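Written out below as structure tokens is the structure these notes cover.
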Amino acid sequence: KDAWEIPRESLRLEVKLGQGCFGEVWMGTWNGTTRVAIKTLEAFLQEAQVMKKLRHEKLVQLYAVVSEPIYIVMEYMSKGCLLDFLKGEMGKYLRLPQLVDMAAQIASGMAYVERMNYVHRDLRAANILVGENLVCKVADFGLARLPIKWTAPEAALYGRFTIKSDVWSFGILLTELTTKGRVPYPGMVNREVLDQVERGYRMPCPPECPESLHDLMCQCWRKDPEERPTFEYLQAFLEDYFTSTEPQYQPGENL
């Protein structure tokens, strides 16, 4: 029992948050003082194992872990899921500068993962958590080492997960951001996407999305994993976007 392990008695589970399909997600308090977010249910726990080796400000942080009834105490993200955020009420008001900045922060969390020689493998809006001040953090490392509409073709087909398949997924994440959370490849079933993506099909520029940002998406979707940008490049590109790339940006109806 390593030094991440706590007494369950130190926890006060409080509010179901909290969907809810692989076990549960609760709000809580830890050691009476700390506002945390628990996570109920054996190796599951794989997520906790990897979040022991990772620590970055744009990755939701492991606090503590348990046995069942196995809990994973973690940083509390007050705004929940990004997917919900984007399609909920606080979604119609988000424009390009907010959304690009959200992109920037996810790229920063993913740039760290990249430095650390990890692969996330399940990178998408559902797996980004939002807090106050529009802070976005990469969550749900359950599948991380050392769904196909977000999965690079080579990884979906031959199980070839690399940082570069995360990049692909990032490109699809960018479309979720730019469309307020719409499912990628509108009106396409899983099999039609695989076959079409194999044939060279890529999603078009979202309405109101500048061509410079869709090009970035297309870079992330290059057939050739190794020809896709790094996260360090995407972080920097997104951070500087409004000066270096679209300094003539004017708001529109939706972006």
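Note that we place each Cβ from the backbone using ideal geometry, even for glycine, and neighbour counts take in every protein chain shown. A short reminder: the numbers here are calculations on the coordinates, not readings from a lab.
Quick look at the values:
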{"item": "Cα pair count fraction exceeding 18 Å, expressed as % - region 55-200", "result": "58 percent"}
{"item": "Nonlocal amide H pairs with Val36, under 5 Å, H built at 1.01 Å", "result": "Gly28, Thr29, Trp30"}
{"item": "Charge context of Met51, other residues only, Cβ under 12 angstrom, K/R +1, D/E -1", "result": "+2"}
{"item": "Volume per residue that the Cα convex hull of region 1-84 spans, once the total is divided by residue count, Å³", "result": "108 Å³"}
{"item": "Rounded to whole Hz, the Karplus (6.51, -1.76, 1.60) HN-Hα couplings of region 171-177, x for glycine and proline", "result": "x, 5, 3, 4, 6, 4, 4"}
{"item": "Region 184-255-region 91-132 distance, computed between alpha-carbon centres (Å)", "result": "14 Å"}
{"item": "Size of electric dipole in the chain: Cβ of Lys, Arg +1 and of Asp, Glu -1, about Cα centre, debye, nearest 20", "result": "400 debye"}
{"item": "For region 167-255: Kirkwood Rh in Å [reciprocal of mean 1/r, alpha carbons]", "result": "14.0 Å"}
{"item": "Other-chain or far-sequence residues with amide H under 5 Å of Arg145's (modelled H)", "result": "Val119"}
{"item": "Principal semi-axes in Å for region 134-215 [√(5λ), Cα gyration tensor, largest first]", "result": "21, 19, 12"}
{"item": "For the chain, the Rg and Dmax computed from alpha carbons only, in angstrom", "result": "18.5, 56"}
{"item": "Under Karplus coefficients 6.51, -1.76 and 1.60, residue-wise ³J(HN,Hα) of region 116-128 in Hz, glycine/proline x", "result": "8, 6, 10, 10, 7, 6, 9, 6, 5, 3, 4, 10, 10"}
{"item": "Burial ordering of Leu86, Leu173, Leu143, fewest other beta-carbon atoms within 10 Å first", "result": "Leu143, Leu86, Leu173"}
{"item": "20 Å Cα-Cα reach of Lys164 towards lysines, excluding residues that sit fewer than 8 places from it in its own chain", "result": "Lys58, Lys137, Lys149, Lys223"}
